[PDB]
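Okay, so here's the structure we're looking at.
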Amino acid sequence: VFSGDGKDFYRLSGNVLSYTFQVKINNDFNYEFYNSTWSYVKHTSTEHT
Amino acid sequence: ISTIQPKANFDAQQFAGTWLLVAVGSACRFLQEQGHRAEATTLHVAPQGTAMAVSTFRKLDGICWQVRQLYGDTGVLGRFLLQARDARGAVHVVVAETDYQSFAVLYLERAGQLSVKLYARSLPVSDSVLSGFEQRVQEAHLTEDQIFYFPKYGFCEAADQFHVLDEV
């Protein structure tokens with residue numbers, strides 16, 4: 001067989017029913033992101049004369 | 001076996017700098033059986049005498065490399081011996097057809113076998129130059145199928161220290 005990948009000829013045994021040289025590449029990506037931020041202020045005063 | 005004439009009044013002070021490899025004419029079984037996954041390749045040249053001072057730049061498996069060499073001259077202008085730096089011994093080396101503006105053709109020989117190389121000084125090459133090089137391949141007594149054509153892209157220069165061979 002001539003492999004269309006790695007670009008070479010190869011020999012096969014009578015033990016293998018089929019050696020194919022198809023290519024498939026299947027990719028799945030998941031990227032998930034969070035960010036959060038807070039700020040707070042309180043003040044009081046109580047006064048006399 | 002017979003020897004071609006070198007470039008008459010050649011000058012390494014004027015033939016200098018980069019030369020991008022287009023192709024190589026050789027009978028060698030390595031390029032017939034191993035030759036797949038070939039590498040982007042270029043010559044680089046400077047004056048030091050009648051002898052050329054030289055580097056080859058090349059990628060190896062995606063890492064860039066440099067082959068430093070001195071083309072020690074035969075006593076004939078444009079003919080050199082490759083300084084026999086390893087147990088393979090000498091290589092006879094020649095510059096045979098060129099214009100320093102656009103193209104160079106070199107002959108290289110060892111163990112009675114001729115081989116030839118085509119370079120252009122920039123990315124493109126003229127079909128007239130390529131046709132002339134095939135006549136130099138046929139003058140090396142090789143077929144156009146013994147021409148192997150190298151990567152027309154991804155060339156390298158200025159590799160790091162541990163990727164220069166220091167062969168001299």
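Chain lettering (A, B, ...) mirrors the order of the structure tokens, residue numbering begins at 1 for each chain separately, and ligand numbering begins at 1 in order of display.
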task = Define the interface residues of chain B facing chain A as those within 9 Å, counting only C-alpha atoms, and report them as a ChimeraX atom specification.
result = /B:33-34,36-37
request  = Within 7 Å of residue 92 of chain B, counting only C-alpha atoms, which residues show up once you throw out same-chain ones fewer than 4 positions away? Write them as a ChimeraX atom specification, please.
outcome  = /B:80-82,108-110
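Comparing the minimum interatomic distances between residue 2 of chain B and each of B:59, B:68, B:141, B:117, counting only C-alpha atoms, we find that B:141 sits nearest.
The shell of residues at most 8 Å from residue 100 of chain B, with only C-alpha atoms counted and near chain neighbours (fewer than 2 positions) removed, consists of residues 14, 15, 16, 98, 102, 103, 104 and 121 of chain B.
The space between atom CA of residue 8 of chain B and atom CA of residue 94 of chain B spans 11.4 Å.
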key: Computed interatomic separation between atom CA of residue 25 of chain B and atom CA of residue 1 of chain A (Å)   = 27.6 Å
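The space between atom CA of residue 22 of chain B and atom CA of residue 150 of chain B spans 5.9 Å.
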task = Name all residues at most 7 Å from residue 156 of chain B (count only C-alpha atoms; drop same-chain ones fewer than 5 positions away) and give them as a count of residues only.
result = 3
